[PDB]
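Residue numbers (the authors' numbering), protein chains in the order written: chain ZF, 207 to 269; chain MF, 207 to 269; chain LF, 207 to 269; chain YF, 207 to 269; chain ZH, 105 to 263, 278 to 360; chain MH, 156 to 207; chain Ag, 791 to 824; chain ZG, 791 to 824; chain Mg, 791 to 824; chain Lg, 791 to 824.
The beta carbon of each residue, even a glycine, is placed where N, CA and C say it ideally should be.
Take a look at the structure below.
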Amino acid sequence: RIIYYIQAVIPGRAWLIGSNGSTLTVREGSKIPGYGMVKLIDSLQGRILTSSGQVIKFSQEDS
Amino acid sequence: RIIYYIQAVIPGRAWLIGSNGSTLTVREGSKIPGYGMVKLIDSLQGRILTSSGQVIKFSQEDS
Amino acid sequence: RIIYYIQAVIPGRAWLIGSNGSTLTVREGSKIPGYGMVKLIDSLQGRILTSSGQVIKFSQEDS
Amino acid sequence: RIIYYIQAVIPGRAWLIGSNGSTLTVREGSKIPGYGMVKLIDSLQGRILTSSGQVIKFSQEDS
Amino acid sequence: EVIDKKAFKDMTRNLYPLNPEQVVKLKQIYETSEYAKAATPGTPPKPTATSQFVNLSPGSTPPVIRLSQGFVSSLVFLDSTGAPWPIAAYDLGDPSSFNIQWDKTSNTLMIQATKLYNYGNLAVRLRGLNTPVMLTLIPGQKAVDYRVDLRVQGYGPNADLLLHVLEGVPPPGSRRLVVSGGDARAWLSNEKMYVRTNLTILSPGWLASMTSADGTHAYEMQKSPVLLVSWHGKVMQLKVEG
Amino acid sequence: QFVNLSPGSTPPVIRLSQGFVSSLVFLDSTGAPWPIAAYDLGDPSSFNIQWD
Amino acid sequence: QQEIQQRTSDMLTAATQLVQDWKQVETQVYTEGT
Amino acid sequence: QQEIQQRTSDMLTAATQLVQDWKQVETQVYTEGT
Amino acid sequence: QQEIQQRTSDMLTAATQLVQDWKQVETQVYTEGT
Amino acid sequence: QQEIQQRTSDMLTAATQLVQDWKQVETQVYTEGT
């Protein structure tokens, strides 16, 4: 399926690229294709809590 | 496999080269081939302990 | 085999010269082939002690 | 036998010229041809104590 | 005279109140102090170079640029053909946070941040771009892009692997097979073996082959387990394993 | 070292000592030298550059 | 209980420091090329 | 407990020096020649 | 008890004499010819 | 006993005189000509 990597960790918003390379940006309470809604976004440790209860991170090797 | 040496020893990041000249840099928690994952980086004395209990050090002559 | 002498002594690092053009620098923990390991480095009076019991010394006329 | 005469006298080093014009310099603990070891060097009076129980001395007229 | 000797001892003592051992001790203490001075919390971002494709759609989100405080980051712009496209003008919001160095004929831009979490915006116009280039510059990140190579939709005034494998670069998508018998290197990516050596093959053959100035050779060859090698009139064999 | 210009290549790191001159000589694939045109140094408080 | 206003004193000085930090905004720069 | 406030004073002087050392960052250079 | 601090008086200055001797570092020099 | 301090204070100056005399060393002299 489609996996998003957080590309710019910021308070409030979030910039993401996909496994396909599709670029996007979101806010705290919004919708995301492939995960539904958004539950929690924090700049602490780069965690995005999706509506599916999953933790979107960035790329593993881009660390 | 590939024998890895230490290139730059600093807190936070680390720089490594392989036996074949494969240059790379790692964080504290990441996976490496042939040794598992890195579980401990010691900035003092220049040793790296992996999850397999294996040690990354410098060259013997180039220590 | 190859016979060495001390050439330049600083605290910490040592310099050795053989008659076959083998001139290098060594540490306290260093693998000297044909001799083994260094067990003690003194900055004064020109004695380098080997783990096999050999004493590396300067040339007495090049002194 | 080869006879050495002193040329330059300082604490630490002493210069010896033979009958053939061969001039060297030695320290207090030294081994020389023609006289054996060097027991002691006296900077005073221009006298060198030899391992032969003798005194190395400069040329009396050439002084 | 023991009074005079004692006087010499105490004047030496008050003349040099520190022993050389304590001098080395405090020098080591100073070393620890300056290392703790240079010590920075957290972990540094991984230095990287990346390529991204810009989009001139009105609904397209503008790209971001990763920054680090006190570090030069380069932006290089390529067209649809990948050829460079020089800049005509630029304008950066808040030049307190970052500094720009730009010779007039260049297309590569340098950004050197001064703050940690203060972000800005930038507009770029190239030598032929009617449309502007809108970039959001963000410091304070876990990854640093040294070189951002940006592909653009337009075209400016301007519109193989054997060399790499003879220089010593292994081919992409390949793995080095274990070669038995002697010193040679070989890789397999798309079931065509690339061999880097200084020897000559006689029986299996080859399709293309380069040589270098220093004398080494690079062959491309369909794989076969047994190879015949000639060396100074000697004949030897090599075995490779699938 | 061979410097690889591909985006997957990790950047080279030079180990240095304080107050000791280090030489950086740049050549082509065949070893023919490449002369330098321009350079950017961020924070020259820590470094000195003498460049012909 | 004289400790009430001394913690007010260093409170406002950094507060009066901090407010004018957000007040100033420098204008952007512009550069041409030929 | 005068040692407490004296230690706080000297550590505060050192720390103020430390944070004004942390604050400043110099710029870059750019050098060419042809 | 009473000789301790004046013993540390000159020594602290001696370390303060020592502490700045590593701070300064001379830069390179360069020469050409023809 | 108590008359040892002036036996120290005089030669303390001469000891400090001697070290700086040992401290300095001059540069060379280079000459040319035909």
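ask   = Going straight from the alpha carbon of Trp349 of chain ZH to that of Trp324 of chain ZH, what length do you get?
value = As a working mapping, residue 349 of chain ZH is identified with position 231 in the fifth sequence. As a working mapping, residue 324 of chain ZH is identified with position 206 in the fifth sequence. Put simply, the backbone Cα of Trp349 of chain ZH is about 17 Å away from that of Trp324 of chain ZH.
request  = Please list, in chain order, all residues of the same chain as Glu793 of chain Lg whose beta carbon is under 6 Å from its beta carbon, the five residues on each side excluded.
outcome  = Start at 1 with the first residue of the tenth sequence, and residue 793 of chain Lg comes out as number 3. Cβ neighbours of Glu793 of chain Lg beyond the five flanking positions: none.
query = What is the DSSP secondary structure of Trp812 of chain Mg, counted as helix, strand or coil?
reply = As a working mapping, residue 812 of chain Mg is identified with position 22 in the ninth sequence. DSSP places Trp812 of chain Mg in coil when its eight states are reduced to three.
task = For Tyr134 of chain ZH, name the three-state secondary structure that DSSP assigns.
result = Here residue 134 of chain ZH refers to the residue found at position 30 of the fifth sequence. Under the three-state reduction of DSSP, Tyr134 of chain ZH is assigned to helix.
inquiry  = Any beta carbon of chain ZH sitting closer than 8 Å to that of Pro188 of chain MH?
reply    = Residue numbering aside, residue 188 of chain MH sits at position 33 when the sixth sequence is read from its first letter. Output row for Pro188 of chain MH: interface = no.
task = Could you please give the first and the last residue of the uninterrupted beta strand (DSSP E) stretch that includes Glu285 of chain ZH?
result = Your numbering for residue 285 of chain ZH matches position 167 in the fifth sequence. That residue, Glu285 of chain ZH, is in no beta strand (DSSP E); its alpha helix (DSSP H) goes 279-285.
Chain Ag contacts from the segment 195-217 of chain ZH (Cβ-Cβ distance under 7 Å) = Answer set for the segment 195-217 of chain ZH: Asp195, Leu196, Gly197, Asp198, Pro199, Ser200, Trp206, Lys208.
key: Burial state of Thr229 of chain ZF, where buried means 16 or more other Cβ atoms lie within 10 Å   = Counting from 1 along the first sequence, the entry for residue 229 of chain ZF is found at position 23. Of the other Cβ atoms in all chains shown, 16 or more fall within 10 Å of the Cβ of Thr229 of chain ZF; this residue is therefore buried.
task = Answer with buried or exposed for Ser172 of chain ZH, where buried requires no fewer than 16 other C-beta atoms within 10 angstroms of its C-beta.
result = Indexing the fifth sequence from 1 puts residue 172 of chain ZH at position 68. Buried.
task = Give a yes or no on whether the C-beta atoms belonging to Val228 of chain ZH and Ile204 of chain ZH are separated by under 8 Å.
result = Numbered from 1 along the fifth sequence, position 124 holds the residue referred to as residue 228 of chain ZH. Numbered from 1 along the fifth sequence, position 100 holds the residue referred to as residue 204 of chain ZH. Not in contact: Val228 of chain ZH and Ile204 of chain ZH (Cβ atoms no closer than 8 Å).
request  = Look at the Cβ atom of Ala111 of chain ZH, then the Cβ atom of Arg797 of chain Lg, and state whether they are nearer than 8 Å.
outcome  = Position 7 of the fifth sequence, counted from the first residue, corresponds to residue 111 of chain ZH. Position 7 of the tenth sequence, counted from the first residue, corresponds to residue 797 of chain Lg. Taking C-beta atoms as the reference points, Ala111 of chain ZH and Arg797 of chain Lg count as a pair closer than 8 Å.
Identity of the residues DSSP links to residue 314 of chain MF by a beta bridge = The requested residue 314 of chain MF is not part of the displayed model; chain MF covers only 207 to 269.
ask   = Can you find at least 3 beta carbon pairs, one from the segment 304-313 of chain ZH and one from the segment 218-234 of chain ZH, that sit closer than 8 Å?
value = These segments do not touch.
message = Using a 10 Å radius around the Cβ and a threshold of 16 neighbouring Cβ atoms, would you call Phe181 of chain MH buried or exposed?
response = Your numbering for residue 181 of chain MH matches position 26 in the sixth sequence. By the neighbour-count rule (16 or more Cβ atoms within 10 Å), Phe181 of chain MH is not buried but exposed.
task = Closer than 7 Å by C-beta to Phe264 of chain LF: which residues in its own chain qualify, once you throw out the five before and the five after it? Chain order, please.
result = Here residue 264 of chain LF refers to the residue found at position 58 when the third sequence is read from its first residue. Apart from sequence neighbours up to five positions away, the residues of its chain that approach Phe264 of chain LF with a beta-carbon distance below 7 Å are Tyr211, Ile212, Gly252, ordered along the chain.
task = For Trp221 of chain MF, count neighbouring C-beta atoms within 10 Å of its own C-beta (all shown protein chains included) and say buried if the count is 16 or more, exposed if not.
result = Reading the second sequence from its first residue, position 15 is the one you call residue 221 of chain MF. Result: buried.
key: Min CB distance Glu793 of chain Ag to chain ZH below 8 Å   = For the purposes of this step, residue 793 of chain Ag is identified with residue 3 of the seventh sequence, where counting begins at 1. Not closer than 8 Å to any Cβ of chain ZH, the Cβ of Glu793 of chain Ag fails to qualify, so no.
task = Pick helix, strand or coil for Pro151 of chain ZH, following the three-state DSSP scheme.
result = Translated into the one-based positions of the fifth sequence, residue 151 of chain ZH becomes position 47. Correct three-state label for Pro151 of chain ZH: strand.
message = Which residue wins for smallest C-alpha separation from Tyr259 of chain ZH, given the options ZH:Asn234, ZH:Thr329, ZH:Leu239, ZH:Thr315?
response = Walking along the fifth sequence from the start, residue 259 of chain ZH turns up at place 155. When C-alpha distances from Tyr259 of chain ZH are compared across ZH:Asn234, ZH:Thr329, ZH:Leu239, ZH:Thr315, the shortest belongs to ZH:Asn234.
message = I'd like to know if the segment 191-202 of chain MH and the segment 804-816 of chain ZG are in contact, where contact means that at least 3 CB-CB pairs between them fall below 8 Å.
response = Per the Cβ contact rule, the segment 191-202 of chain MH is in contact with the segment 804-816 of chain ZG (3 or more Cβ pairs under 8 Å).
key: Interface flag, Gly174 of chain ZH vs chain ZG, CB-CB below 8 Å   = Position 70 of the fifth sequence, counted from the start, is the residue given in the question as residue 174 of chain ZH. At least one C-beta of chain ZG is nearer than 8 Å to the C-beta of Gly174 of chain ZH.
request  = Have a look at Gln266 of chain YF and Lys109 of chain ZH and give me their C-alpha separation to the nearest angstrom.
outcome  = Here residue 266 of chain YF refers to the residue found at position 60 of the fourth sequence. Here residue 109 of chain ZH refers to the residue found at position 5 of the fifth sequence. The C-alpha of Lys109 of chain ZH is placed about 41 Å away from the C-alpha of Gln266 of chain YF.
ask   = DSSP on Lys263 of chain YF, reduced to helix/strand/coil?
value = The residue you call residue 263 of chain YF lines up with position 57 of the fourth sequence. Coil at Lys263 of chain YF, not helix or strand.
message = Quick check on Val168 of chain MH: does DSSP put it in helix, strand or coil?
response = On the sixth sequence, position 13 is the one that residue 168 of chain MH refers to. In this structure, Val168 of chain MH counts as coil in the three-state DSSP scheme.
request  = Spell out a yes or no on whether the segment 127-139 of chain ZH and the segment 243-258 of chain ZF are touching, meaning 3 or more CB-CB pairs, one atom from each, closer than 8 Å.
outcome  = By the Cβ criterion, the segment 127-139 of chain ZH is not in contact with the segment 243-258 of chain ZF, since fewer than three pairs of Cβ atoms, one from each stretch, lie closer than 8 Å.
task = For chain Ag, find out if any of its Cβ atoms is closer than 8 Å to the Cβ of residue 273 of chain ZH; answer yes or no.
result = The structure shown gives no position for residue 273 of chain ZH: in chain ZH, residue numbering passes from 263 to 278 with nothing in between.
request  = Identify which residue in MH:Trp206, MH:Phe202, MH:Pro162 has its Cα closest to the Cα of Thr821 of chain Mg.
outcome  = Counting from 1 along the ninth sequence, the entry for residue 821 of chain Mg is found at position 31. Measuring from the Cα of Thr821 of chain Mg, the nearest candidate turns out to be MH:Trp206.
inquiry  = Using the three-state DSSP reduction, which class does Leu325 of chain ZH fall into: helix, strand or coil?
reply    = Taking the fifth sequence and counting its residues from 1, one reaches residue 325 of chain ZH at position 207. The answer is coil: DSSP assigns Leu325 of chain ZH none of H, G, I, E or B.
message = Which same chain residues end up closer than 8 Å to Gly242 of chain ZF when comparing Cβ atoms and leaving out the 5 residues on each side of it in sequence?
response = Counting from one through the first sequence, the residue named residue 242 of chain ZF turns up at place 36. So the list reads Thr256, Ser257, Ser258, once near-sequence residues are dropped.
task = State yes or no: is the C-beta of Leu250 of chain ZF nearer than 7 Å to some heavy atom of the ligand ATP?
result = Only the bare structure without any ligand can be found here, which leaves the ligand ATP out of the picture.
key: Per-residue DSSP class, three states only, for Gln807 of chain Ag   = Start at 1 with the first residue of the seventh sequence, and residue 807 of chain Ag comes out as number 17. The answer is helix: DSSP assigns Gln807 of chain Ag an H, G or I state.
request  = Please work out which residues of its chain come closer than 6 Å, Cβ to Cβ, to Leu179 of chain ZH, disregarding the five sequence neighbours upstream and downstream, and give them in chain order.
outcome  = Looking up residue 179 of chain ZH in the fifth sequence gives position 75. Answer for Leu179 of chain ZH: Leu213, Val252, listed in chain order.
request  = Taking C-beta pairs closer than 9 Å, name the residues in chain ZH that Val815 of chain Mg reaches, listed in chain order.
outcome  = Within the ninth sequence, numbered from 1, the residue matching residue 815 of chain Mg stands at position 25. Simply none; closest approach about 12 Å.
query = With distances taken from CA atoms, which of YF:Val261, YF:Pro239, YF:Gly240 is nearest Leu246 of chain YF?
reply = Numbered from its first residue, the fourth sequence carries residue 246 of chain YF at position 40. Closest by alpha carbon: YF:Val261.
Where the alpha helix (DSSP H) through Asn118 of chain ZH begins and ends = Start at 1 with the first residue of the fifth sequence, and residue 118 of chain ZH comes out as number 14. Taken as a continuous stretch (DSSP letters only), the alpha helix (DSSP H) holding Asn118 of chain ZH covers 106-119.
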